[PDB]
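Peer 1: Sharing upload-v1.pdb, PDB, C-alpha atoms:
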ATOM      1  CA  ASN H 345     -81.846 -49.669  25.763  1.00  0.00           C
ATOM      2  CA  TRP H 346     -79.213 -47.042  26.572  1.00  0.00           C
ATOM      3  CA  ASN H 347     -75.723 -48.315  27.407  1.00  0.00           C
ATOM      4  CA  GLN H 348     -72.750 -46.317  28.686  1.00  0.00           C
ATOM      5  CA  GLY H 349     -70.845 -48.926  30.723  1.00  0.00           C
ATOM      6  CA  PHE H 350     -68.852 -52.100  30.082  1.00  0.00           C
ATOM      7  CA  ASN H 351     -65.671 -50.009  29.921  1.00  0.00           C
ATOM      8  CA  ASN H 352     -62.158 -51.110  30.877  1.00  0.00           C
ATOM      9  CA  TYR H 353     -59.685 -48.697  32.475  1.00  0.00           C
ATOM     10  CA  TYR H 354     -55.946 -49.360  32.716  1.00  0.00           C
ATOM     11  CA  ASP H 355     -53.034 -47.473  34.247  1.00  0.00           C
ATOM     12  CA  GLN H 356     -54.288 -43.943  34.996  1.00  0.00           C
ATOM     13  CA  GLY H 357     -57.427 -43.981  32.832  1.00  0.00           C
ATOM     14  CA  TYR H 358     -60.628 -42.677  34.409  1.00  0.00           C
ATOM     15  CA  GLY H 359     -64.235 -41.860  33.585  1.00  0.00           C
ATOM     16  CA  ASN H 360     -66.839 -39.656  35.277  1.00  0.00           C
ATOM     17  CA  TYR H 361     -70.642 -39.788  35.039  1.00  0.00           C
ATOM     18  CA  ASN H 362     -72.726 -36.638  35.577  1.00  0.00           C
ATOM     19  CA  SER H 363     -76.376 -37.654  35.246  1.00  0.00           C
ATOM     20  CA  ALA H 364     -79.802 -36.169  35.944  1.00  0.00           C
ATOM     21  CA  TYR H 365     -82.881 -38.408  35.849  1.00  0.00           C
ATOM     22  CA  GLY H 366     -86.088 -36.482  35.225  1.00  0.00           C
ATOM     23  CA  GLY H 367     -84.319 -33.139  35.136  1.00  0.00           C
ATOM     24  CA  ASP H 368     -81.782 -30.884  33.462  1.00  0.00           C
ATOM     25  CA  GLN H 369     -78.020 -31.319  33.854  1.00  0.00           C
ATOM     26  CA  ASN H 370     -75.899 -28.150  33.788  1.00  0.00           C
ATOM     27  CA  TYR H 371     -72.121 -28.276  33.317  1.00  0.00           C
ATOM     28  CA  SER H 372     -70.017 -25.181  34.015  1.00  0.00           C
ATOM     29  CA  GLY H 373     -66.777 -26.583  35.468  1.00  0.00           C
ATOM     30  CA  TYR H 374     -63.292 -27.352  34.199  1.00  0.00           C
ATOM     31  CA  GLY H 375     -61.741 -30.455  32.676  1.00  0.00           C
ATOM     32  CA  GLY H 376     -58.682 -31.699  30.857  1.00  0.00           C
ATOM     33  CA  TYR H 377     -55.064 -31.248  31.917  1.00  0.00           C
ATOM     34  CA  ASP H 378     -52.335 -28.608  32.106  1.00  0.00           C
ATOM     35  CA  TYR H 379     -54.775 -25.725  32.564  1.00  0.00           C
ATOM     36  CA  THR H 380     -55.417 -22.819  34.928  1.00  0.00           C
ATOM     37  CA  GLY H 381     -58.985 -21.911  35.883  1.00  0.00           C
ATOM     38  CA  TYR H 382     -60.508 -18.948  37.717  1.00  0.00           C
ATOM     39  CA  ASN H 383     -64.091 -19.196  38.979  1.00  0.00           C
ATOM     40  CA  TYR H 384     -65.976 -15.947  39.626  1.00  0.00           C
ATOM     41  CA  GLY H 385     -69.497 -16.986  38.650  1.00  0.00           C
ATOM     42  CA  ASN H 386     -72.626 -16.144  40.613  1.00  0.00           C
ATOM     43  CA  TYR H 387     -74.746 -19.163  41.552  1.00  0.00           C
ATOM     44  CA  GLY H 388     -76.797 -17.852  44.483  1.00  0.00           C
ATOM     45  CA  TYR H 389     -78.004 -14.323  45.237  1.00  0.00           C
ATOM     46  CA  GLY H 390     -75.823 -11.268  44.655  1.00  0.00           C
ATOM     47  CA  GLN H 391     -72.763 -10.838  42.448  1.00  0.00           C
ATOM     48  CA  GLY H 392     -69.714 -12.946  41.676  1.00  0.00           C
ATOM     49  CA  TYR H 393     -67.042 -10.316  41.032  1.00  0.00           C
ATOM     50  CA  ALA H 394     -67.207  -6.871  42.659  1.00  0.00           C
ATOM     51  CA  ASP H 395     -65.016  -4.219  41.039  1.00  0.00           C
TER      52      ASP H 395
ATOM     53  CA  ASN M 345     -83.131 -49.722  30.687  1.00  0.00           C
ATOM     54  CA  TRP M 346     -80.272 -47.324  31.439  1.00  0.00           C
ATOM     55  CA  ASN M 347     -76.889 -48.883  32.226  1.00  0.00           C
ATOM     56  CA  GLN M 348     -73.737 -47.137  33.445  1.00  0.00           C
ATOM     57  CA  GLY M 349     -72.025 -49.889  35.466  1.00  0.00           C
ATOM     58  CA  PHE M 350     -70.318 -53.222  34.811  1.00  0.00           C
ATOM     59  CA  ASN M 351     -66.975 -51.409  34.587  1.00  0.00           C
ATOM     60  CA  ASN M 352     -63.552 -52.797  35.493  1.00  0.00           C
ATOM     61  CA  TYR M 353     -60.858 -50.594  37.037  1.00  0.00           C
ATOM     62  CA  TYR M 354     -57.185 -51.569  37.221  1.00  0.00           C
ATOM     63  CA  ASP M 355     -54.099 -49.928  38.696  1.00  0.00           C
ATOM     64  CA  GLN M 356     -55.039 -46.303  39.446  1.00  0.00           C
ATOM     65  CA  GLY M 357     -58.205 -46.084  37.332  1.00  0.00           C
ATOM     66  CA  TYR M 358     -61.258 -44.508  38.953  1.00  0.00           C
ATOM     67  CA  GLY M 359     -64.797 -43.394  38.182  1.00  0.00           C
ATOM     68  CA  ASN M 360     -67.179 -40.971  39.904  1.00  0.00           C
ATOM     69  CA  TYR M 361     -70.982 -40.784  39.728  1.00  0.00           C
ATOM     70  CA  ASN M 362     -72.785 -37.467  40.282  1.00  0.00           C
ATOM     71  CA  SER M 363     -76.512 -38.172  40.015  1.00  0.00           C
ATOM     72  CA  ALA M 364     -79.789 -36.401  40.759  1.00  0.00           C
ATOM     73  CA  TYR M 365     -83.047 -38.373  40.726  1.00  0.00           C
ATOM     74  CA  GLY M 366     -86.090 -36.186  40.143  1.00  0.00           C
ATOM     75  CA  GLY M 367     -84.047 -33.004  40.007  1.00  0.00           C
ATOM     76  CA  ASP M 368     -81.357 -30.977  38.281  1.00  0.00           C
ATOM     77  CA  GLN M 369     -77.640 -31.727  38.614  1.00  0.00           C
ATOM     78  CA  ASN M 370     -75.261 -28.749  38.497  1.00  0.00           C
ATOM     79  CA  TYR M 371     -71.515 -29.194  37.965  1.00  0.00           C
ATOM     80  CA  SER M 372     -69.147 -26.285  38.613  1.00  0.00           C
ATOM     81  CA  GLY M 373     -66.012 -27.949  40.021  1.00  0.00           C
ATOM     82  CA  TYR M 374     -62.626 -29.014  38.701  1.00  0.00           C
ATOM     83  CA  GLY M 375     -61.367 -32.244  37.170  1.00  0.00           C
ATOM     84  CA  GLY M 376     -58.454 -33.748  35.309  1.00  0.00           C
ATOM     85  CA  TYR M 377     -54.794 -33.600  36.308  1.00  0.00           C
ATOM     86  CA  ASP M 378     -51.850 -31.198  36.439  1.00  0.00           C
ATOM     87  CA  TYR M 379     -54.031 -28.118  36.920  1.00  0.00           C
ATOM     88  CA  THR M 380     -54.386 -25.157  39.278  1.00  0.00           C
ATOM     89  CA  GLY M 381     -57.848 -23.950  40.285  1.00  0.00           C
ATOM     90  CA  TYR M 382     -59.087 -20.860  42.126  1.00  0.00           C
ATOM     91  CA  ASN M 383     -62.656 -20.800  43.448  1.00  0.00           C
ATOM     92  CA  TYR M 384     -64.251 -17.401  44.107  1.00  0.00           C
ATOM     93  CA  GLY M 385     -67.861 -18.144  43.193  1.00  0.00           C
ATOM     94  CA  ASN M 386     -70.875 -17.033  45.201  1.00  0.00           C
ATOM     95  CA  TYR M 387     -73.226 -19.858  46.192  1.00  0.00           C
ATOM     96  CA  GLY M 388     -75.111 -18.367  49.147  1.00  0.00           C
ATOM     97  CA  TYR M 389     -76.005 -14.747  49.901  1.00  0.00           C
ATOM     98  CA  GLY M 390     -73.584 -11.888  49.268  1.00  0.00           C
ATOM     99  CA  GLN M 391     -70.535 -11.726  47.010  1.00  0.00           C
ATOM    100  CA  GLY M 392     -67.688 -14.086  46.200  1.00  0.00           C
ATOM    101  CA  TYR M 393     -64.815 -11.694  45.499  1.00  0.00           C
ATOM    102  CA  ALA M 394     -64.663  -8.242  47.110  1.00  0.00           C
ATOM    103  CA  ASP M 395     -62.283  -5.790  45.440  1.00  0.00           C
TER     104      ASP M 395
ATOM    105  CA  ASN P 345     -80.515 -49.492  20.837  1.00  0.00           C
ATOM    106  CA  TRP P 346     -78.120 -46.660  21.696  1.00  0.00           C
ATOM    107  CA  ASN P 347     -74.556 -47.646  22.605  1.00  0.00           C
ATOM    108  CA  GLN P 348     -71.782 -45.414  23.941  1.00  0.00           C
ATOM    109  CA  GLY P 349     -69.713 -47.859  26.020  1.00  0.00           C
ATOM    110  CA  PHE P 350     -67.457 -50.861  25.425  1.00  0.00           C
ATOM    111  CA  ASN P 351     -64.453 -48.520  25.326  1.00  0.00           C
ATOM    112  CA  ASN P 352     -60.884 -49.331  26.355  1.00  0.00           C
ATOM    113  CA  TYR P 353     -58.647 -46.725  27.999  1.00  0.00           C
ATOM    114  CA  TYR P 354     -54.873 -47.082  28.318  1.00  0.00           C
ATOM    115  CA  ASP P 355     -52.154 -44.966  29.906  1.00  0.00           C
ATOM    116  CA  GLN P 356     -53.707 -41.550  30.623  1.00  0.00           C
ATOM    117  CA  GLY P 357     -56.787 -41.842  28.396  1.00  0.00           C
ATOM    118  CA  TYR P 358     -60.115 -40.802  29.905  1.00  0.00           C
ATOM    119  CA  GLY P 359     -63.759 -40.282  29.007  1.00  0.00           C
ATOM    120  CA  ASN P 360     -66.568 -38.296  30.642  1.00  0.00           C
ATOM    121  CA  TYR P 361     -70.341 -38.736  30.326  1.00  0.00           C
ATOM    122  CA  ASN P 362     -72.686 -35.766  30.816  1.00  0.00           C
ATOM    123  CA  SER P 363     -76.233 -37.073  30.412  1.00  0.00           C
ATOM    124  CA  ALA P 364     -79.782 -35.872  31.038  1.00  0.00           C
ATOM    125  CA  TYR P 365     -82.666 -38.354  30.883  1.00  0.00           C
ATOM    126  CA  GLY P 366     -86.005 -36.695  30.191  1.00  0.00           C
ATOM    127  CA  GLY P 367     -84.512 -33.219  30.133  1.00  0.00           C
ATOM    128  CA  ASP P 368     -82.132 -30.764  28.508  1.00  0.00           C
ATOM    129  CA  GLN P 369     -78.357 -30.893  28.977  1.00  0.00           C
ATOM    130  CA  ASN P 370     -76.499 -27.563  28.950  1.00  0.00           C
ATOM    131  CA  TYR P 371     -72.715 -27.381  28.556  1.00  0.00           C
ATOM    132  CA  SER P 372     -70.884 -24.126  29.293  1.00  0.00           C
ATOM    133  CA  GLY P 373     -67.571 -25.261  30.814  1.00  0.00           C
ATOM    134  CA  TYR P 374     -64.009 -25.744  29.617  1.00  0.00           C
ATOM    135  CA  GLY P 375     -62.181 -28.711  28.132  1.00  0.00           C
ATOM    136  CA  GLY P 376     -58.995 -29.702  26.377  1.00  0.00           C
ATOM    137  CA  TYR P 377     -55.447 -28.959  27.510  1.00  0.00           C
ATOM    138  CA  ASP P 378     -52.946 -26.106  27.751  1.00  0.00           C
ATOM    139  CA  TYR P 379     -55.621 -23.430  28.154  1.00  0.00           C
ATOM    140  CA  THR P 380     -56.545 -20.586  30.500  1.00  0.00           C
ATOM    141  CA  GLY P 381     -60.193 -19.972  31.381  1.00  0.00           C
ATOM    142  CA  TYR P 382     -61.990 -17.142  33.178  1.00  0.00           C
ATOM    143  CA  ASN P 383     -65.566 -17.681  34.367  1.00  0.00           C
ATOM    144  CA  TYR P 384     -67.722 -14.595  34.971  1.00  0.00           C
ATOM    145  CA  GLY P 385     -71.125 -15.917  33.925  1.00  0.00           C
ATOM    146  CA  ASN P 386     -74.352 -15.331  35.822  1.00  0.00           C
ATOM    147  CA  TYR P 387     -76.238 -18.513  36.723  1.00  0.00           C
ATOM    148  CA  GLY P 388     -78.448 -17.374  39.608  1.00  0.00           C
ATOM    149  CA  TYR P 389     -79.954 -13.955  40.333  1.00  0.00           C
ATOM    150  CA  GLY P 390     -78.017 -10.732  39.791  1.00  0.00           C
ATOM    151  CA  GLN P 391     -74.956 -10.055  37.647  1.00  0.00           C
ATOM    152  CA  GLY P 392     -71.732 -11.907  36.940  1.00  0.00           C
ATOM    153  CA  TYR P 393     -69.270  -9.069  36.346  1.00  0.00           C
ATOM    154  CA  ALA P 394     -69.747  -5.651  37.965  1.00  0.00           C
ATOM    155  CA  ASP P 395     -67.746  -2.829  36.387  1.00  0.00           C
TER     156      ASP P 395
ATOM    157  CA  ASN L 345     -79.200 -49.102  15.950  1.00  0.00           C
ATOM    158  CA  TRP L 346     -77.047 -46.096  16.856  1.00  0.00           C
ATOM    159  CA  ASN L 347     -73.435 -46.807  17.831  1.00  0.00           C
ATOM    160  CA  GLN L 348     -70.867 -44.370  19.219  1.00  0.00           C
ATOM    161  CA  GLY L 349     -68.655 -46.654  21.335  1.00  0.00           C
ATOM    162  CA  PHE L 350     -66.164 -49.472  20.780  1.00  0.00           C
ATOM    163  CA  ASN L 351     -63.348 -46.906  20.739  1.00  0.00           C
ATOM    164  CA  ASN L 352     -59.747 -47.442  21.834  1.00  0.00           C
ATOM    165  CA  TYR L 353     -57.747 -44.676  23.522  1.00  0.00           C
ATOM    166  CA  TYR L 354     -53.964 -44.742  23.910  1.00  0.00           C
ATOM    167  CA  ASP L 355     -51.447 -42.425  25.551  1.00  0.00           C
ATOM    168  CA  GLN L 356     -53.270 -39.141  26.243  1.00  0.00           C
ATOM    169  CA  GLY L 357     -56.277 -39.664  23.957  1.00  0.00           C
ATOM    170  CA  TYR L 358     -59.703 -38.888  25.404  1.00  0.00           C
ATOM    171  CA  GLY L 359     -63.359 -38.647  24.438  1.00  0.00           C
ATOM    172  CA  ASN L 360     -66.342 -36.887  26.022  1.00  0.00           C
ATOM    173  CA  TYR L 361     -70.064 -37.616  25.635  1.00  0.00           C
ATOM    174  CA  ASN L 362     -72.638 -34.836  26.085  1.00  0.00           C
ATOM    175  CA  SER L 363     -76.066 -36.413  25.613  1.00  0.00           C
ATOM    176  CA  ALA L 364     -79.709 -35.489  26.173  1.00  0.00           C
ATOM    177  CA  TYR L 365     -82.390 -38.185  25.963  1.00  0.00           C
ATOM    178  CA  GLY L 366     -85.833 -36.786  25.209  1.00  0.00           C
ATOM    179  CA  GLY L 367     -84.611 -33.206  25.182  1.00  0.00           C
ATOM    180  CA  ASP L 368     -82.398 -30.571  23.603  1.00  0.00           C
ATOM    181  CA  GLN L 369     -78.634 -30.410  24.142  1.00  0.00           C
ATOM    182  CA  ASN L 370     -77.038 -26.947  24.153  1.00  0.00           C
ATOM    183  CA  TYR L 371     -73.272 -26.473  23.830  1.00  0.00           C
ATOM    184  CA  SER L 372     -71.711 -23.089  24.604  1.00  0.00           C
ATOM    185  CA  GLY L 373     -68.350 -23.968  26.186  1.00  0.00           C
ATOM    186  CA  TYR L 374     -64.739 -24.172  25.055  1.00  0.00           C
ATOM    187  CA  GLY L 375     -62.661 -26.988  23.602  1.00  0.00           C
ATOM    188  CA  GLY L 376     -59.375 -27.726  21.906  1.00  0.00           C
ATOM    189  CA  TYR L 377     -55.918 -26.715  23.106  1.00  0.00           C
ATOM    190  CA  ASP L 378     -53.649 -23.678  23.395  1.00  0.00           C
ATOM    191  CA  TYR L 379     -56.529 -21.216  23.751  1.00  0.00           C
ATOM    192  CA  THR L 380     -57.713 -18.458  26.081  1.00  0.00           C
ATOM    193  CA  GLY L 381     -61.413 -18.128  26.894  1.00  0.00           C
ATOM    194  CA  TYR L 382     -63.456 -15.449  28.660  1.00  0.00           C
ATOM    195  CA  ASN L 383     -67.000 -16.264  29.781  1.00  0.00           C
ATOM    196  CA  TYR L 384     -69.399 -13.356  30.347  1.00  0.00           C
ATOM    197  CA  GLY L 385     -72.670 -14.933  29.237  1.00  0.00           C
ATOM    198  CA  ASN L 386     -75.967 -14.602  31.073  1.00  0.00           C
ATOM    199  CA  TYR L 387     -77.619 -17.921  31.936  1.00  0.00           C
ATOM    200  CA  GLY L 388     -79.964 -16.961  34.781  1.00  0.00           C
ATOM    201  CA  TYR L 389     -81.742 -13.670  35.480  1.00  0.00           C
ATOM    202  CA  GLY L 390     -80.047 -10.307  34.976  1.00  0.00           C
ATOM    203  CA  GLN L 391     -77.010  -9.391  32.890  1.00  0.00           C
ATOM    204  CA  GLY L 392     -73.640 -10.988  32.243  1.00  0.00           C
ATOM    205  CA  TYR L 393     -71.393  -7.968  31.698  1.00  0.00           C
ATOM    206  CA  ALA L 394     -72.162  -4.599  33.309  1.00  0.00           C
ATOM    207  CA  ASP L 395     -70.355  -1.628  31.770  1.00  0.00           C
TER     208      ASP L 395
ATOM    209  CA  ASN I 345     -77.633 -48.695  11.055  1.00  0.00           C
ATOM    210  CA  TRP I 346     -75.763 -45.522  12.017  1.00  0.00           C
ATOM    211  CA  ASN I 347     -72.125 -45.928  13.063  1.00  0.00           C
ATOM    212  CA  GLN I 348     -69.802 -43.289  14.516  1.00  0.00           C
ATOM    213  CA  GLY I 349     -67.447 -45.387  16.668  1.00  0.00           C
ATOM    214  CA  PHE I 350     -64.714 -47.979  16.154  1.00  0.00           C
ATOM    215  CA  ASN I 351     -62.127 -45.181  16.181  1.00  0.00           C
ATOM    216  CA  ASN I 352     -58.516 -45.415  17.350  1.00  0.00           C
ATOM    217  CA  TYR I 353     -56.795 -42.497  19.090  1.00  0.00           C
ATOM    218  CA  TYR I 354     -53.029 -42.244  19.557  1.00  0.00           C
ATOM    219  CA  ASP I 355     -50.754 -39.729  21.257  1.00  0.00           C
ATOM    220  CA  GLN I 356     -52.865 -36.616  21.923  1.00  0.00           C
ATOM    221  CA  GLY I 357     -55.768 -37.381  19.574  1.00  0.00           C
ATOM    222  CA  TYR I 358     -59.277 -36.907  20.953  1.00  0.00           C
ATOM    223  CA  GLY I 359     -62.919 -36.974  19.911  1.00  0.00           C
ATOM    224  CA  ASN I 360     -66.074 -35.484  21.440  1.00  0.00           C
ATOM    225  CA  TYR I 361     -69.711 -36.526  20.973  1.00  0.00           C
ATOM    226  CA  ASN I 362     -72.522 -33.978  21.378  1.00  0.00           C
ATOM    227  CA  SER I 363     -75.792 -35.838  20.829  1.00  0.00           C
ATOM    228  CA  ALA I 364     -79.511 -35.232  21.316  1.00  0.00           C
ATOM    229  CA  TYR I 365     -81.946 -38.146  21.040  1.00  0.00           C
ATOM    230  CA  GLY I 366     -85.481 -37.042  20.221  1.00  0.00           C
ATOM    231  CA  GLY I 367     -84.570 -33.370  20.232  1.00  0.00           C
ATOM    232  CA  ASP I 368     -82.558 -30.548  18.710  1.00  0.00           C
ATOM    233  CA  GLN I 369     -78.832 -30.069  19.328  1.00  0.00           C
ATOM    234  CA  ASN I 370     -77.538 -26.483  19.386  1.00  0.00           C
ATOM    235  CA  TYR I 371     -73.820 -25.688  19.143  1.00  0.00           C
ATOM    236  CA  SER I 372     -72.571 -22.187  19.962  1.00  0.00           C
ATOM    237  CA  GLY I 373     -69.179 -22.786  21.610  1.00  0.00           C
ATOM    238  CA  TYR I 374     -65.543 -22.674  20.554  1.00  0.00           C
ATOM    239  CA  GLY I 375     -63.203 -25.294  19.134  1.00  0.00           C
ATOM    240  CA  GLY I 376     -59.832 -25.739  17.505  1.00  0.00           C
ATOM    241  CA  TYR I 377     -56.498 -24.444  18.780  1.00  0.00           C
ATOM    242  CA  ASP I 378     -54.504 -21.226  19.128  1.00  0.00           C
ATOM    243  CA  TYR I 379     -57.590 -19.021  19.433  1.00  0.00           C
ATOM    244  CA  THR I 380     -59.052 -16.387  21.749  1.00  0.00           C
ATOM    245  CA  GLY I 381     -62.783 -16.379  22.485  1.00  0.00           C
ATOM    246  CA  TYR I 382     -65.083 -13.893  24.218  1.00  0.00           C
ATOM    247  CA  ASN I 383     -68.567 -15.014  25.263  1.00  0.00           C
ATOM    248  CA  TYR I 384     -71.216 -12.324  25.789  1.00  0.00           C
ATOM    249  CA  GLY I 385     -74.318 -14.168  24.605  1.00  0.00           C
ATOM    250  CA  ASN I 386     -77.668 -14.129  26.373  1.00  0.00           C
ATOM    251  CA  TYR I 387     -79.048 -17.582  27.189  1.00  0.00           C
ATOM    252  CA  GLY I 388     -81.523 -16.842  29.988  1.00  0.00           C
ATOM    253  CA  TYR I 389     -83.589 -13.719  30.662  1.00  0.00           C
ATOM    254  CA  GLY I 390     -82.179 -10.220  30.207  1.00  0.00           C
ATOM    255  CA  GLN I 391     -79.189  -9.037  28.188  1.00  0.00           C
ATOM    256  CA  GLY I 392     -75.683 -10.338  27.604  1.00  0.00           C
ATOM    257  CA  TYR I 393     -73.690  -7.133  27.118  1.00  0.00           C
ATOM    258  CA  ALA I 394     -74.777  -3.851  28.727  1.00  0.00           C
ATOM    259  CA  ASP I 395     -73.199  -0.729  27.237  1.00  0.00           C
TER     260      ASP I 395
END
The structure given in the file should be rewritten as structure tokens.
Peer 2:
Amino acid sequence: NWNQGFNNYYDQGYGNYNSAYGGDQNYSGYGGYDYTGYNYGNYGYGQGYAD
Amino acid sequence: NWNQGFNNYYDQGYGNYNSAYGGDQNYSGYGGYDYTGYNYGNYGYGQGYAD
Amino acid sequence: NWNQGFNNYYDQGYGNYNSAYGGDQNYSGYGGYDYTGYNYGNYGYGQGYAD
Amino acid sequence: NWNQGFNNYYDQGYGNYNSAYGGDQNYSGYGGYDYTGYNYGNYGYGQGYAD
Amino acid sequence: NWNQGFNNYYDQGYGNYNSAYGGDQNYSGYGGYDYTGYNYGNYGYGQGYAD
């Protein structure tokens, strides 16, 4: 028995679920508040940043 | 038994589900509030940023 | 019995769940507040930063 | 019996759960506040930083 | 009986849970505040820093 629900959210509270059943879950994004992010990663074929 | 529901949302509360059954789930986006994001990643064939 | 729910969120409180059932969960992103992040990692085939 | 919930969050308090059932959980990201991070790691095939 | 919850967070207090059920949990990231981090580690196949 694995439980992650039965949560109550008020005002501006939120909650996100990133799940992978029978696999591997990879997280590489951004979260939080009052931040600046720059994405240059390579996820397909080639290069992300060319200098 | 895996549970992630039975949640109550009030006012401006929200919740997102990113799931992958029989596979791998990859997260590379942005979340939160009061942030600035720039996306330059390469996801297909070629390059994301050309300098 | 594994429990992670039954949480109450008020005002601007939030909570995220990154889970992987029958697999490995990899975290490489950013979190917190008042930060600046630069992503140059290589996740596919090739190189992330080309100098 | 393993418990990690029944938490109360007020104002801007938050809490994240990175879990891996039947697997290994790897953490290599950033957390906290008032920090600057640079990601150059190699997670796929090739090299992260090319000098 | 293993307990890690029943915590109260006020203002900007937070708490993160990195767990691995039936496996090994590896931590190699950054935490705290007022710090600068550089990631060059190799996590896949190849090399992290090429000089």
Peer 1: On this structure, the PyMOL selection byres ((chain L and resi 362) around 6) would catch which residues? List them as a VMD selection string, sorted by chain and number.
Peer 2: (chain P and resid 362) or (chain L and resid 361 363) or (chain I and resid 362)
Peer 1: Rounded to one decimal place, report the CA of residue 374 (chain H)-CA of residue 369 (chain M) distance in Å.
Peer 2: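 Computing it gives 15.6 Å between the two atoms.
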Peer 1: Any idea which chain P residues end up within 9 Å of chain I if we count all atoms listed in the file, as a ChimeraX atom specification please?
Peer 2: /P:348,368-369,372,385,387
Peer 1: Please report the interatomic distance between CA of residue 380 (chain L) and CA of residue 390 (chain H) in Å with one decimal.
Peer 2: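 Atom-to-atom, CA of residue 380 (chain L) to CA of residue 390 (chain H), that is 26.9 Å.
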Peer 1: Which residues are near residue 395 (chain L)? Cut-off 10 Å, all atoms listed in the file, ignore same chain within fewer than 3 positions. Put them as a VMD selection string.
Peer 2: (chain P and resid 393 to 395) or (chain L and resid 392) or (chain I and resid 393 to 395)
